Amino acid sequence: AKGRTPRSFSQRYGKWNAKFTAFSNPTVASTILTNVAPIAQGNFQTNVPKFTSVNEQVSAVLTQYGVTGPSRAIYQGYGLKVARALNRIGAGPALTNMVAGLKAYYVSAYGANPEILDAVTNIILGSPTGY
DNA sequence: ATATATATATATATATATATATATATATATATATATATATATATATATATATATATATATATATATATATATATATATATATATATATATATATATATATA
């Protein structure tokens, strides 16, 4: 019972503003954050290593291909996207569909190189196509 | 008449706390007139070096607190578009049971 009736801009703004004002209270914010601190630490600890490893390995791959500067961000981003999919739905035909869709996305919108996208996918999933 | 605590009249001696008239000496706290030296706290005239707290002119690197231009990922507080489930505080459509005013 959260997204059942349509909300106009005034309703969204009113509720977002009420909640932002409530959270700015010292007691409210301190209580909520001190209560969710251990769970946040646990979620960070279980999830971030999988992505720091991807950062390191895609860096290694990008240095061998001569990519420098902000153009590295492109492929780094691509890598993280693929890793996200692997963390979300697992390996199988769905991951294959998403890898193909992400390659199409990046090649068509950001002018990425298909060879380096294959190289990043090979270092992450084990093969260029990801099977 | 004797012992004690005091004030006197008359000269003198001894010990102590002070003020003088006369010159000199010693130790101490100071202010001066005349040059010079030593240690200490400062302000200067002239160049230079060392350590420290800052502001600059010119490029570059490192750590920290923030704002960006560009796509992406992770944790956190929220508002949405679409259907579904769990826990909690409510109001209803329909009959029924239990506890309470």
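Note: hydrogens, waters and symmetry copies are ignored here, and every other heavy atom, side chains too, is used. Sequence lines set the chain letters: A, B, ... in the order given, protein chains first and strands last, and positions in each chain run from 1.
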Backbone N or O of [Y] within a donor-acceptor pair of the [X] side chain at under 3.5 Å?
| X | Y | answer |
| --- | --- | --- |
| A:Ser30 | A:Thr27 | yes |
| A:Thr46 | A:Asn43 | yes |
| A:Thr52 | A:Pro49 | yes |

Touch check for [X], heavy atoms < 4.0 angstrom, all strands: base, sugar-phosphate only, or nothing?
| X | result |
| --- | --- |
| A:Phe20 | nothing |
| A:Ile74 | nothing |
| A:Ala40 | sugar-phosphate |

Using a heavy-atom cut-off of 4.0 Å to chain A, what are the terminal contacting nucleotides of DNA chain B, in 5' to 3' order?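 Listing 5' to 3', DNA chain B meets chain A from B:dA71 to B:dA81.
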
Does B:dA29 carry a north or a south sugar when the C1'-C2'-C3'-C4' torsion is used to decide?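 With a positive torsion about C1'-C2'-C3'-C4', the sugar belongs to the north class.
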
Among A:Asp118, A:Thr129, A:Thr121, whose side-chain hydrogen bond (donor to acceptor under 3.5 Å, both in side chains) with A:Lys103 holds?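 Answer after filtering A:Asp118, A:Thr129, A:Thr121: A:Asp118.
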
Those residues of residues 98-131 of chain A lying under 4.0 Å from DNA chain B by at least one heavy atom: A:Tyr105, A:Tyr106, A:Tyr110

Show me, range against range, the stems involving DNA chain B, built from at least 3 consecutive Watson-Crick or G-U pairs below 3.5 Å. none

How about CZ on A:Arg84, more than 12 heavy atoms from neighbouring residues, nucleotides or ligands closer than 6.0 Å, or not? no

Is it true that atom OH of A:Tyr131 has more than 12 heavy atoms of other residues, nucleotides or ligands lying nearer than 6.0 Å? no

Looking at A:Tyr105 versus A:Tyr78, is the centre-to-centre ring distance below 6.0 Å? no

Between A:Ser8 and A:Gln11, is there a side-chain donor-acceptor contact under 3.5 Å, judged purely by atom types and distance?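 Looking only at side-chain atoms, A:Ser8 and A:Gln11 do form a donor-acceptor pair, the distance falling under 3.5 Å.
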
Strictly by modelled atom types, are A:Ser10 and A:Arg12 linked by a side-chain donor-acceptor pair under 3.5 Å? no

Just wondering, do A:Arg72 and A:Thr63 contact through their side chains at under 4.5 Å, heavy atoms?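 The answer is yes, as the side chains (C-beta and beyond) meet within the 4.5 Å cut-off.
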
